J.: 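Structure provided below as structure tokens; questions to follow.
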Amino acid sequence: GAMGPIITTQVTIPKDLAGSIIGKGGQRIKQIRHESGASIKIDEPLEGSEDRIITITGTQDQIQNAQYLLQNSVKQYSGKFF
DNA sequence: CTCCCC
């Protein structure tokens, strides 16, 4: 069916979770991009920020999928939550 | 930096 316009959403992640979404060699985020169909950009933190901004661009369904998969990626997160 | 992507 109709997926509608490509749109861009941003979400922030605590910087320490970023490694979980990216994965070794970027393998996780490559997968999430591939699976979701969404473009996904994870920035560096802005000057002295605890967050990184992820920009997700795709149809609403793709962005929705990407978000879910990014959230899911935390479950695999290998560092200290605090 | 699990650090990709550009």
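Below, chain A is the first sequence line, B the second, and so on; all start at residue 1.
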J.: Applying side-chain hydrogen bond (donor to acceptor under 3.5 Å, both in side chains), can you list everything that pairs with A:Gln62, at least two apart in sequence or on another chain?
T.: A:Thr59
J.: Minimum heavy-atom separation for A:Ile13 and A:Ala18, please, with both atom names.
T.: CD1-CA, 3.4 Å
J.: Can you measure A:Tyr77 atom OH to B:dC3 atom P for me and round it to whole angstrom units?
T.: 14 Å
J.: Which of residues 31-56 of chain A sit near DNA chain B, with a heavy atom under 4.0 Å from it?
T.: A:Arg33, A:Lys41, A:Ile42, A:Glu44, A:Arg52
J.: With sequence neighbours left out, which residue pairs that include part of residues 49-70 of chain A fulfil the salt bridge (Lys or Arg N to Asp or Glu O under 4.0 Å) condition?
T.: A:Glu44-A:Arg52
J.: Taking all non-hydrogen atoms of both residues into account, name the closest pair between A:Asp16 and A:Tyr77 and its distance.
T.: O-CE1, 3.0 Å
J.: Which residues pass the side-chain hydrogen bond (donor to acceptor under 3.5 Å, both in side chains) test with A:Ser39, sequence neighbours left out?
T.: none
J.: Identify the residue among A:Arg28, A:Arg33, A:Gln64 that makes a side-chain contact (heavy atoms from CB on, under 4.5 Å) with A:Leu69.
T.: A:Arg28
J.: Which atoms form the tightest heavy-atom contact between A:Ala66 and A:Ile40, and what is the distance?
T.: CB-CD1, 4.0 Å
J.: What residues in residues 10-28 of chain A put a non-hydrogen atom under 4.0 Å from any atom of DNA chain B?
T.: A:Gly19, A:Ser20, A:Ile22, A:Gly23, A:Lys24, A:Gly25, A:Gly26
J.: Out of the candidates A:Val11, A:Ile32, A:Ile54, only one should pair with A:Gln67 under the side-chain contact (heavy atoms from CB on, under 4.5 Å) rule; please name it.
T.: A:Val11
J.: Kindly state which residues belonging to residues 63-73 of chain A come within less than 4.0 angstrom of DNA chain B, counting heavy atoms of the residue only, listed by number.
T.: none
